[PDB]
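*Asks:* So here's model-v4.txt (compact mmCIF, C-alpha atoms and all ligand atoms).
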```
# COMPACT_ATOMS: atom_id res chain seq x y z
CA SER A 372 0.00 0.00 0.00
CA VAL A 373 2.74 2.47 0.93
CA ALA A 374 4.79 1.70 -2.18
CA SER A 375 1.78 2.08 -4.48
CA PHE A 376 0.74 5.34 -2.80
CA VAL A 377 4.24 6.81 -3.03
CA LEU A 378 4.71 5.72 -6.65
CA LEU A 379 1.37 7.21 -7.68
CA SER A 380 2.19 10.43 -5.85
CA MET A 381 5.54 10.54 -7.63
CA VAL A 382 4.06 10.06 -11.11
CA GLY A 383 1.41 12.65 -10.28
CA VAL A 384 4.11 15.08 -9.17
CA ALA A 385 6.00 14.40 -12.40
CA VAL A 386 2.87 15.24 -14.38
CA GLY A 387 2.22 18.37 -12.33
CA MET A 388 5.77 19.63 -12.70
CA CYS A 389 5.38 18.96 -16.41
CA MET A 390 2.20 21.06 -16.31
CA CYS A 391 3.96 23.89 -14.48
CA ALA A 392 6.61 23.75 -17.20
CA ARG A 393 4.00 24.44 -19.89
CA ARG A 394 2.52 27.41 -18.02
CA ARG A 395 5.85 29.16 -17.45
CA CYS A 396 7.19 28.50 -20.97
CA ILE A 397 4.06 29.42 -22.95
CA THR A 398 2.62 32.50 -21.22
CA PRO A 399 5.30 34.84 -22.70
CA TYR A 400 4.08 33.84 -26.15
CA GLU A 401 0.45 33.79 -25.00
CA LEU A 402 0.53 37.24 -23.41
CA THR A 403 2.11 39.06 -26.36
CA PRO A 404 -0.53 40.57 -28.69
CA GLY A 405 -0.37 39.26 -32.23
CA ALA A 406 2.30 36.72 -31.31
CA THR A 407 3.08 33.37 -32.90
CA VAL A 408 5.14 30.62 -31.27
CA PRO A 409 7.98 29.11 -33.33
CA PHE A 410 7.31 25.81 -35.06
CA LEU A 411 9.65 23.78 -32.85
CA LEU A 412 8.05 24.97 -29.61
CA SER A 413 4.58 24.32 -31.02
CA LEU A 414 5.56 20.67 -31.46
CA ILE A 415 7.07 20.28 -27.99
CA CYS A 416 4.35 21.82 -25.84
CA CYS A 417 1.01 20.01 -26.12
CA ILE A 418 -0.99 23.20 -25.45
CA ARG A 419 -1.95 24.21 -28.99
CA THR A 420 -5.77 24.25 -29.09
CA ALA A 421 -5.80 27.98 -28.29
CA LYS A 422 -3.77 29.72 -31.01
CA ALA A 423 -2.88 32.67 -28.79
CA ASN B 111 -11.91 56.98 -24.78
CA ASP B 112 -11.84 55.03 -28.07
CA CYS B 113 -10.72 51.45 -27.32
CA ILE B 114 -9.87 51.41 -23.61
CA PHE B 115 -12.30 50.21 -20.94
CA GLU B 116 -12.31 51.39 -17.34
CA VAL B 117 -11.93 48.80 -14.59
CA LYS B 118 -13.48 49.52 -11.20
CA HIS B 119 -13.92 47.89 -7.81
CA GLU B 120 -17.41 48.83 -6.58
CA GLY B 121 -17.75 52.49 -7.62
CA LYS B 122 -14.02 53.16 -7.29
CA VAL B 123 -12.23 53.07 -10.65
CA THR B 124 -8.87 51.33 -10.31
CA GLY B 125 -7.48 50.89 -13.81
CA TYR B 126 -8.13 50.56 -17.51
CA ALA B 127 -7.87 47.60 -19.88
CA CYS B 128 -6.64 48.20 -23.42
CA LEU B 129 -7.57 46.25 -26.56
CA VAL B 130 -4.22 45.80 -28.30
CA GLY B 131 -4.51 43.78 -31.48
CA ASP B 132 -6.07 40.46 -30.47
CA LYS B 133 -5.61 40.61 -26.67
CA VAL B 134 -7.49 42.35 -23.85
CA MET B 135 -4.43 43.64 -22.03
CA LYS B 136 -4.95 44.44 -18.36
CA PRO B 137 -2.51 44.65 -15.45
CA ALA B 138 -2.79 42.08 -12.71
CA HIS B 139 -2.22 44.29 -9.67
CA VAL B 140 -5.44 46.29 -10.34
CA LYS B 141 -8.67 44.95 -8.86
CA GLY B 142 -11.87 45.19 -10.86
CA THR B 143 -14.43 43.48 -13.05
CA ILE B 144 -14.29 45.86 -16.07
CA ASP B 145 -17.19 48.18 -16.87
CA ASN B 146 -18.40 46.04 -19.78
CA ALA B 147 -20.31 42.95 -18.70
CA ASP B 148 -19.34 40.87 -21.74
CA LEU B 149 -15.60 41.37 -21.23
CA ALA B 150 -15.92 40.29 -17.60
CA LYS B 151 -17.11 36.90 -18.88
CA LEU B 152 -13.75 36.25 -20.56
CA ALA B 153 -11.12 34.03 -18.94
CA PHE B 154 -7.76 35.73 -18.37
CA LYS B 155 -4.46 33.83 -18.37
CA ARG B 156 -2.89 36.06 -15.73
CA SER B 157 0.82 35.96 -14.93
CA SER B 158 2.47 37.40 -11.83
CA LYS B 159 5.85 37.67 -13.57
CA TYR B 160 4.66 40.40 -15.96
CA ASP B 161 1.74 41.76 -13.89
CA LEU B 162 -0.58 41.11 -16.83
CA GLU B 163 -3.95 39.51 -17.53
CA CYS B 164 -4.85 38.89 -21.16
CA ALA B 165 -7.54 37.07 -23.13
CA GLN B 166 -8.70 36.67 -26.70
CA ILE B 167 -10.90 39.60 -27.67
CA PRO B 168 -14.36 38.78 -29.07
CA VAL B 169 -13.26 39.61 -32.63
CA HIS B 170 -16.79 38.72 -33.71
CA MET B 171 -17.96 41.96 -32.07
CA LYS B 172 -14.84 43.95 -31.11
CA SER B 173 -12.40 43.48 -33.98
CA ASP B 174 -11.65 47.23 -33.80
CA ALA B 175 -8.50 47.55 -31.69
CA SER B 176 -5.38 49.66 -31.34
CA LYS B 177 -2.50 48.82 -33.64
CA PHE B 178 0.78 47.83 -32.01
CA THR B 179 4.45 47.97 -32.89
CA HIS B 180 7.62 46.46 -31.46
CA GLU B 181 10.38 48.99 -32.21
CA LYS B 182 10.83 52.00 -29.91
CA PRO B 183 13.29 54.48 -31.41
CA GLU B 184 14.25 57.02 -28.78
CA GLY B 185 12.24 60.21 -28.97
CA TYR B 186 8.79 61.32 -27.85
CA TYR B 187 5.59 59.36 -27.26
CA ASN B 188 2.10 60.47 -26.31
CA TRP B 189 -0.45 59.23 -23.79
CA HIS B 190 -3.50 60.69 -22.05
CA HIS B 191 -1.64 62.90 -19.56
CA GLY B 192 0.99 64.88 -21.40
CA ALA B 193 3.69 63.42 -23.61
CA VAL B 194 6.45 61.02 -22.61
CA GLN B 195 10.06 60.69 -23.76
CA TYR B 196 12.01 57.47 -24.35
CA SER B 197 15.12 58.49 -22.40
CA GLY B 198 17.38 56.03 -24.18
CA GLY B 199 15.79 53.09 -22.40
CA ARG B 200 13.43 54.60 -19.82
CA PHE B 201 9.95 56.07 -20.00
CA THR B 202 9.95 59.47 -18.30
CA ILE B 203 7.11 61.85 -17.44
CA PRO B 204 6.70 65.05 -15.46
CA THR B 205 5.99 64.17 -11.85
CA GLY B 206 2.45 65.55 -11.93
CA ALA B 207 1.34 63.56 -14.97
CA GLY B 208 1.65 60.30 -13.02
CA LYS B 209 -0.83 59.38 -10.30
CA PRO B 210 -2.32 56.15 -8.92
CA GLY B 211 -5.31 55.04 -10.94
CA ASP B 212 -3.58 55.55 -14.30
CA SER B 213 -2.33 51.95 -14.30
CA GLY B 214 -3.40 50.14 -17.44
CA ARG B 215 -3.48 53.20 -19.67
CA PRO B 216 -1.61 52.54 -22.93
CA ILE B 217 0.88 54.80 -24.68
CA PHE B 218 1.13 55.57 -28.39
CA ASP B 219 3.86 56.59 -30.82
CA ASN B 220 3.84 59.36 -33.41
CA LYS B 221 2.04 57.02 -35.82
CA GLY B 222 -0.69 56.13 -33.32
CA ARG B 223 0.19 52.58 -32.23
CA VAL B 224 0.60 51.22 -28.72
CA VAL B 225 4.14 50.42 -27.60
CA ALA B 226 3.61 49.80 -23.90
CA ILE B 227 1.14 49.89 -21.04
CA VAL B 228 1.90 51.68 -17.78
CA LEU B 229 1.83 50.19 -14.28
CA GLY B 230 3.53 52.67 -11.96
CA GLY B 231 6.39 55.07 -11.60
CA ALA B 232 9.28 56.41 -9.57
CA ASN B 233 10.67 59.95 -9.58
CA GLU B 234 14.26 61.21 -9.49
CA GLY B 235 13.67 64.95 -9.38
CA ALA B 236 11.12 66.65 -11.63
CA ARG B 237 10.79 63.74 -14.07
CA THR B 238 9.21 60.40 -13.17
CA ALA B 239 10.41 57.12 -14.64
CA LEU B 240 7.69 54.72 -15.74
CA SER B 241 7.19 51.00 -15.13
CA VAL B 242 5.68 49.65 -18.35
CA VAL B 243 5.08 46.34 -20.09
CA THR B 244 6.69 46.74 -23.50
CA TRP B 245 7.31 43.96 -26.00
CA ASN B 246 9.81 42.83 -28.60
CA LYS B 247 8.88 40.44 -31.43
CA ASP B 248 6.55 37.74 -30.07
CA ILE B 249 7.62 38.36 -26.47
CA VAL B 250 6.88 40.89 -23.72
CA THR B 251 9.54 42.36 -21.43
CA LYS B 252 8.41 44.03 -18.22
CA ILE B 253 10.53 47.05 -17.30
CA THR B 254 10.71 48.47 -13.79
CA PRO B 255 12.78 51.33 -12.32
CA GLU B 256 14.11 51.40 -8.76
CA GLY B 257 11.60 52.18 -6.03
CA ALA B 258 8.59 52.33 -8.37
CA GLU B 259 5.20 52.19 -6.69
CA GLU B 260 2.19 50.58 -8.35
CA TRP B 261 -0.52 52.93 -9.60
CA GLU C 343 33.91 -28.88 11.11
CA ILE C 344 34.62 -31.44 8.36
CA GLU C 345 37.60 -33.35 6.95
CA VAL C 346 39.09 -32.16 3.65
CA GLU C 347 41.95 -33.47 1.52
CA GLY C 348 42.34 -34.22 -2.17
CA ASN C 349 40.68 -32.95 -5.36
CA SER C 350 37.05 -33.77 -4.60
CA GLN C 351 33.91 -32.13 -3.18
CA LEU C 352 32.03 -32.23 0.13
CA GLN C 353 28.41 -31.80 1.20
CA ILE C 354 26.66 -29.72 3.86
CA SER C 355 23.16 -28.99 5.17
CA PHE C 356 21.69 -25.62 6.13
CA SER C 357 18.38 -24.14 7.27
CA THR C 358 17.10 -20.81 5.98
CA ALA C 359 13.93 -18.74 5.92
CA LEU C 360 14.88 -16.92 2.71
CA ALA C 361 13.13 -17.53 -0.60
CA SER C 362 16.42 -17.00 -2.46
CA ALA C 363 19.62 -18.41 -1.00
CA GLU C 364 22.45 -15.87 -0.82
CA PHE C 365 25.14 -16.47 1.78
CA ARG C 366 28.89 -16.90 2.25
CA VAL C 367 30.35 -20.05 3.79
CA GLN C 368 33.49 -19.48 5.87
CA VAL C 369 35.48 -22.64 5.16
CA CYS C 370 38.84 -22.50 6.96
CA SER C 371 39.60 -18.80 6.33
CA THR C 372 38.51 -19.02 2.64
CA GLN C 373 35.01 -17.75 1.93
CA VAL C 374 32.74 -18.91 -0.89
CA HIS C 375 29.50 -17.64 -2.41
CA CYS C 376 26.42 -19.87 -2.61
CA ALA C 377 23.15 -19.00 -4.33
CA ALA C 378 19.99 -20.99 -5.00
CA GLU C 379 16.21 -20.66 -5.07
CA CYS C 380 14.52 -22.04 -1.97
CA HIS C 381 11.01 -23.47 -2.13
CA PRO C 382 8.19 -23.46 0.43
CA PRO C 383 7.68 -26.52 2.64
CA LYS C 384 4.81 -28.94 2.30
CA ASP C 385 3.85 -29.32 5.98
CA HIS C 386 1.90 -26.52 7.61
CA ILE C 387 3.10 -27.14 11.18
CA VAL C 388 5.83 -29.07 13.02
CA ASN C 389 6.78 -30.08 16.56
CA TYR C 390 10.09 -28.23 16.99
CA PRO C 391 11.15 -24.58 16.92
CA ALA C 392 12.73 -23.30 13.74
CA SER C 393 16.40 -24.17 13.34
CA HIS C 394 17.14 -21.03 11.34
CA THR C 395 17.63 -17.64 12.96
CA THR C 396 14.37 -15.69 12.63
CA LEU C 397 12.00 -14.09 10.16
CA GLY C 398 13.88 -12.41 7.35
CA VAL C 399 13.91 -8.68 7.96
CA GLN C 400 12.16 -6.42 5.46
CA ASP C 401 15.53 -5.67 3.87
CA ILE C 402 15.99 -9.22 2.57
CA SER C 403 13.38 -10.02 -0.06
CA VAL C 404 13.84 -12.61 -2.83
CA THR C 405 15.71 -12.08 -6.08
CA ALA C 406 13.09 -11.38 -8.71
CA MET C 407 12.50 -8.46 -6.41
CA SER C 408 14.14 -6.86 -9.45
CA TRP C 409 10.57 -5.84 -10.26
CA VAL C 410 10.81 -3.38 -7.37
CA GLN C 411 14.03 -1.94 -8.77
CA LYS C 412 12.54 -1.79 -12.27
CA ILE C 413 9.42 0.13 -11.24
CA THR C 414 11.26 2.43 -8.83
CA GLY C 415 13.86 3.17 -11.49
CA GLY C 416 11.14 3.94 -14.02
CA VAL C 417 9.39 6.32 -11.64
CA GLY C 418 12.68 7.93 -10.66
CA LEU C 419 13.56 8.37 -14.33
CA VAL C 420 10.22 10.03 -15.07
CA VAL C 421 10.67 12.33 -12.08
CA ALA C 422 14.23 13.10 -13.21
CA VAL C 423 13.18 14.15 -16.72
CA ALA C 424 10.34 16.20 -15.23
CA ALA C 425 12.77 17.95 -12.88
CA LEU C 426 15.29 18.60 -15.65
CA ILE C 427 12.62 20.08 -17.93
CA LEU C 428 11.27 22.23 -15.10
CA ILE C 429 14.71 23.51 -14.11
CA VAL C 430 15.75 24.31 -17.69
CA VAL C 431 12.49 26.20 -18.17
CA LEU C 432 13.08 28.03 -14.89
CA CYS C 433 16.60 29.00 -15.94
CA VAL C 434 15.56 30.20 -19.40
CA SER C 435 12.70 32.17 -17.85
CA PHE C 436 15.21 33.62 -15.40
CA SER C 437 17.24 34.76 -18.41
CA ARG C 438 14.30 36.87 -19.59
CA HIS C 439 15.02 40.60 -19.22
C1 LIG A 501 4.88 -5.48 -10.25
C2 LIG A 501 4.87 -5.51 -8.70
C3 LIG A 501 5.88 -6.59 -8.21
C4 LIG A 501 6.61 -6.08 -6.94
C5 LIG A 501 6.67 -7.22 -5.88
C6 LIG A 501 6.12 -6.67 -4.54
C7 LIG A 501 7.01 -7.15 -3.35
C8 LIG A 501 6.12 -7.23 -2.08
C9 LIG A 501 7.02 -7.42 -0.84
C10 LIG A 501 7.99 -7.04 0.00
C11 LIG A 501 8.20 -8.07 1.13
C12 LIG A 501 7.63 -7.51 2.46
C13 LIG A 501 7.55 -8.66 3.48
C14 LIG A 501 8.64 -8.50 4.55
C15 LIG A 501 8.08 -8.98 5.91
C16 LIG A 501 9.19 -9.65 6.74
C17 LIG A 501 8.82 -9.56 8.24
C18 LIG A 501 9.52 -8.33 8.84
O1 LIG A 501 9.93 -7.49 8.12
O2 LIG A 501 9.67 -8.21 10.24
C19 LIG A 501 11.02 -8.37 10.70
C20 LIG A 501 11.10 -7.99 12.17
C21 LIG A 501 10.11 -8.84 12.98
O3 LIG A 501 8.98 -8.06 13.32
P1 LIG A 501 8.90 -7.41 14.85
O4 LIG A 501 7.48 -6.99 15.15
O5 LIG A 501 9.34 -8.45 15.86
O6 LIG A 501 9.90 -6.09 14.95
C22 LIG A 501 9.36 -4.84 15.38
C23 LIG A 501 9.38 -4.80 16.94
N1 LIG A 501 8.49 -3.72 17.44
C24 LIG A 501 7.09 -4.02 17.08
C25 LIG A 501 8.61 -3.65 18.91
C26 LIG A 501 8.88 -2.43 16.86
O7 LIG A 501 10.76 -6.63 12.32
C27 LIG A 501 11.87 -5.75 12.38
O8 LIG A 501 12.76 -5.95 13.15
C28 LIG A 501 11.93 -4.53 11.43
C29 LIG A 501 12.70 -3.38 12.13
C30 LIG A 501 12.69 -2.13 11.21
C31 LIG A 501 13.58 -2.39 9.97
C32 LIG A 501 13.71 -1.08 9.15
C33 LIG A 501 14.00 -1.43 7.67
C34 LIG A 501 15.38 -0.83 7.26
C35 LIG A 501 15.21 0.03 5.98
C36 LIG A 501 14.52 1.18 6.04
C37 LIG A 501 14.35 2.04 4.77
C38 LIG A 501 15.72 2.67 4.37
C39 LIG A 501 15.95 2.48 2.84
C40 LIG A 501 17.05 1.41 2.61
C41 LIG A 501 17.45 1.39 1.11
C42 LIG A 501 19.00 1.32 0.99
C43 LIG A 501 19.39 0.85 -0.43
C44 LIG A 501 20.70 1.55 -0.87
```
Write the structure described by the file as structure tokens, please.
*Replies:*
Amino acid sequence: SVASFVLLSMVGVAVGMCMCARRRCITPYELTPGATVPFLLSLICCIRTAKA
Amino acid sequence: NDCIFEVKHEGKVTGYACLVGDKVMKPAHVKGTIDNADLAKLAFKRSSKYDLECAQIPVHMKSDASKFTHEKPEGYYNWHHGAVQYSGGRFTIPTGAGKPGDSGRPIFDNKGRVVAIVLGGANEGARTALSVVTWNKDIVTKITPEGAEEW
Amino acid sequence: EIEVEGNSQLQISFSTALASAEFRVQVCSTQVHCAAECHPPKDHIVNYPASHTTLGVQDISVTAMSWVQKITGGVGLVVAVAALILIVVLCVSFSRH
């Protein structure tokens, strides 16, 4: 039980830290008016539904 | 007035949100719900690093917005209260022209396009340096002088 | 103690509570490594106390515990790549302005 709980918490933390990576690396392009991310970064980050 | 909307908390106006291009620019440190009810419905991807909240404008009804530009050759620029001078890297105003509540007002060039949006200021003598949110190509760069309060 | 001389082999008997045998036999100042897979007994209960020492402590599981190492290494690897990505993003964002 302890091993499963810790492993699930660790994978969840990995996902969350991945999520925090998207927010901090995509807001500078999202905040700029009339901006467009480069092609390479568009591939890497999964957040592409909103073309902001 | 044109394309800037006042933002108020209760009856007290705190700041103004500009419609630059395709974004509803607005500075984070102001508190308000915007005068327009429809704009309040939008979801803002706010960031504490740049003190900004922005969202996609409803281009279906508000496609009319201020033009923007990225280059800032040193010289003179105009906003609501007086005119401002790009002092080789700093936005400077006469001390009177700055006052809390002006946060969120844009600034234009000679050609009439926004180049920044003001947040606060600090004064060394008669002139007051400005804390603005300018932008280069596809990226914004917050600029802040020493000891600048938030308007 | 046993009697040894020549170029032959001997035989011993031991009692363990481990599922996988892993132990060193001190044979007249020269150690040796022995390893085998132990199997469960057939009789539920007996009339004498256990000859071996005690219950294996939680440290000593059975080989083919390598599953534990595999899964913990996978999770640690995922966490490591997540941390590296986060820290490189934090450094590049620190480089801004
Ligand atoms: C795909 C999935 C496949 C994966 C397979 C899943 C594997 C599942 C299984 C694992 C096996 C678990 C079963 C082990 C049970 C053995 C029994 C046991 O374990 O009991 C041993 C003794 C007897 O019990 P007692 O009540 O008489 O003792 C306590 C006395 N009382 C109560 C007064 C405190 O208890 C003790 O003495 C224990 C004393 C405390 C010992 C601390 C342990 C030391 C390590 C700590 C962590 C540090 C990390 C180390 C990593 C280093 C690597 C570099």
*Asks:* Please return as a VMD selection string the residues found within 9 Å of ligand LIG 501 (chain A), counting only C-alpha atoms and all ligand atoms.
*Replies:* (chain A and resid 374) or (chain C and resid 396 to 404 406 to 413)
*Asks:* Would you please work out which residue, of A:401, A:385, A:372, A:410, is nearest to residue A:422 when using all atoms listed in the file?
*Replies:* A:401
*Asks:* In the coordinate frame of the file, compute which residues have an atom within 12 Å of (13.1, 11.5, -13.4) when using only C-alpha atoms, and state them as a list in words.
*Replies:*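 It turns out the residues near that spot are residues 381, 382, 384, 385, 386, 388 and 389 of chain A; 414, 415, 416, 417, 418, 419, 420, 421, 422, 423, 424, 425, 426, 427 and 428 of chain C.
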*Asks:* Which neighbours of residue B:139 fall inside 10 Å, counting all atoms listed in the file, when residues of the same chain fewer than 3 positions from it are skipped, and could you give them as a tab-separated table (two decimals) with C-alpha atoms, in the coordinates of the input?
*Replies:*
```tsv
chain	number	residue	atom	x	y	z
B	124	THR	CA	-8.87	51.33	-10.31
B	125	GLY	CA	-7.48	50.89	-13.81
B	136	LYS	CA	-4.95	44.44	-18.36
B	142	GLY	CA	-11.87	45.19	-10.86
B	158	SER	CA	2.47	37.40	-11.83
B	161	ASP	CA	1.74	41.76	-13.89
B	162	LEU	CA	-0.58	41.11	-16.83
B	163	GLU	CA	-3.95	39.51	-17.53
B	213	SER	CA	-2.33	51.95	-14.30
B	214	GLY	CA	-3.40	50.14	-17.44
B	229	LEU	CA	1.83	50.19	-14.28
B	260	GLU	CA	2.19	50.58	-8.35
B	261	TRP	CA	-0.52	52.93	-9.60
```
*Asks:* Report, in Å to a single decimal, how far apart atom CA of residue B:237 and atom CA of residue B:208 are.
*Replies:*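 Between atom CA of residue B:208 and atom CA of residue B:237 the gap is 9.8 Å.
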*Asks:* Taking a cut-off of 9 Å and counting only C-alpha atoms, can you build a table that, for each residue of chain B near chain C, reports the nearest atom pair and how far apart they are in Å (one decimal), sorted by chain then residue number, as JSON lines?
*Replies:*
```
{"residue": "B:251", "atom": "CA", "partner": "C:439", "partner_atom": "CA", "distance": 6.2}
{"residue": "B:252", "atom": "CA", "partner": "C:439", "partner_atom": "CA", "distance": 7.5}
{"residue": "B:253", "atom": "CA", "partner": "C:439", "partner_atom": "CA", "distance": 8.1}
```
*Asks:* If you keep C-alpha atoms, can you produce a file of those selected residues as a PDB file, keeping the file's coordinate frame?
*Replies:*
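The result, written out as again38.pdb:
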```
ATOM      1  CA  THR B 251       9.540  42.360 -21.430  1.00  0.00           C
ATOM      2  CA  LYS B 252       8.410  44.030 -18.220  1.00  0.00           C
ATOM      3  CA  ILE B 253      10.530  47.050 -17.300  1.00  0.00           C
TER       4      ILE B 253
END
```
*Asks:* Within 12 Å of chain C, which residues belong to chain A? Use only C-alpha atoms and report them as a list in words.
*Replies:*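 Applying the cut-off to the listed atoms yields residues 374, 375, 377, 378, 379, 380, 381, 382, 383, 384, 385, 386, 387, 388, 389, 390, 391, 392, 393, 394, 395, 396, 397, 398, 399, 415 and 416 of chain A.
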*Asks:* Any idea which chain B residues end up within 8 Å of chain A if we count all atoms listed in the file, as a list in words please?
*Replies:*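 Close enough to count are residues 130, 131, 132, 133, 155, 157, 162, 163, 164, 166, 245, 247, 248, 249 and 250 of chain B.
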*Asks:* Regenerate stretch 421-436 of chain C at the level of N, CA, C and O atoms and dump it as a JSON list (two decimals), keeping the file's coordinate frame.
*Replies:*
```
[["chain", "number", "residue", "atom", "x", "y", "z"],
["C", 421, "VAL", "N", 10.52, 11.17, -12.94],
["C", 421, "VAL", "CA", 10.67, 12.33, -12.08],
["C", 421, "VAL", "C", 11.93, 13.11, -12.45],
["C", 421, "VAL", "O", 11.94, 14.35, -12.41],
["C", 422, "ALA", "N", 12.99, 12.42, -12.84],
["C", 422, "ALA", "CA", 14.23, 13.10, -13.21],
["C", 422, "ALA", "C", 14.05, 13.93, -14.47],
["C", 422, "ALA", "O", 14.51, 15.07, -14.54],
["C", 423, "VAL", "N", 13.39, 13.37, -15.49],
["C", 423, "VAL", "CA", 13.18, 14.15, -16.72],
["C", 423, "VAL", "C", 12.23, 15.31, -16.45],
["C", 423, "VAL", "O", 12.41, 16.41, -16.99],
["C", 424, "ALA", "N", 11.23, 15.10, -15.59],
["C", 424, "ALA", "CA", 10.34, 16.20, -15.23],
["C", 424, "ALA", "C", 11.11, 17.31, -14.53],
["C", 424, "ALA", "O", 10.93, 18.50, -14.84],
["C", 425, "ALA", "N", 11.99, 16.95, -13.60],
["C", 425, "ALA", "CA", 12.77, 17.95, -12.88],
["C", 425, "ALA", "C", 13.73, 18.68, -13.81],
["C", 425, "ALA", "O", 13.90, 19.89, -13.69],
["C", 426, "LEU", "N", 14.37, 17.96, -14.73],
["C", 426, "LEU", "CA", 15.29, 18.60, -15.65],
["C", 426, "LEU", "C", 14.56, 19.58, -16.56],
["C", 426, "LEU", "O", 15.03, 20.70, -16.80],
["C", 427, "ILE", "N", 13.40, 19.18, -17.09],
["C", 427, "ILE", "CA", 12.62, 20.08, -17.93],
["C", 427, "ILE", "C", 12.19, 21.30, -17.13],
["C", 427, "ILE", "O", 12.32, 22.44, -17.60],
["C", 428, "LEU", "N", 11.71, 21.10, -15.91],
["C", 428, "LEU", "CA", 11.27, 22.23, -15.10],
["C", 428, "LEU", "C", 12.42, 23.18, -14.80],
["C", 428, "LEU", "O", 12.26, 24.40, -14.88],
["C", 429, "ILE", "N", 13.60, 22.64, -14.48],
["C", 429, "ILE", "CA", 14.71, 23.51, -14.11],
["C", 429, "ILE", "C", 15.26, 24.24, -15.33],
["C", 429, "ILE", "O", 15.68, 25.39, -15.22],
["C", 430, "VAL", "N", 15.27, 23.60, -16.51],
["C", 430, "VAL", "CA", 15.75, 24.31, -17.69],
["C", 430, "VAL", "C", 14.77, 25.41, -18.08],
["C", 430, "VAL", "O", 15.18, 26.50, -18.49],
["C", 431, "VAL", "N", 13.47, 25.15, -17.92],
["C", 431, "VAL", "CA", 12.49, 26.20, -18.17],
["C", 431, "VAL", "C", 12.65, 27.33, -17.17],
["C", 431, "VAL", "O", 12.55, 28.51, -17.52],
["C", 432, "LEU", "N", 12.91, 27.00, -15.90],
["C", 432, "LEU", "CA", 13.08, 28.03, -14.89],
["C", 432, "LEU", "C", 14.33, 28.87, -15.14],
["C", 432, "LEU", "O", 14.33, 30.08, -14.90],
["C", 433, "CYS", "N", 15.40, 28.24, -15.62],
["C", 433, "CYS", "CA", 16.60, 29.00, -15.94],
["C", 433, "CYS", "C", 16.39, 29.89, -17.15],
["C", 433, "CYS", "O", 16.80, 31.06, -17.14],
["C", 434, "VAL", "N", 15.75, 29.38, -18.20],
["C", 434, "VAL", "CA", 15.56, 30.20, -19.40],
["C", 434, "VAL", "C", 14.59, 31.33, -19.11],
["C", 434, "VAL", "O", 14.72, 32.44, -19.64],
["C", 435, "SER", "N", 13.60, 31.09, -18.24],
["C", 435, "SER", "CA", 12.70, 32.17, -17.85],
["C", 435, "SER", "C", 13.41, 33.17, -16.95],
["C", 435, "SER", "O", 13.07, 34.35, -16.95],
["C", 436, "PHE", "N", 14.38, 32.70, -16.16],
["C", 436, "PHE", "CA", 15.21, 33.62, -15.40],
["C", 436, "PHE", "C", 16.06, 34.49, -16.31],
["C", 436, "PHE", "O", 16.36, 35.64, -15.96]]
```
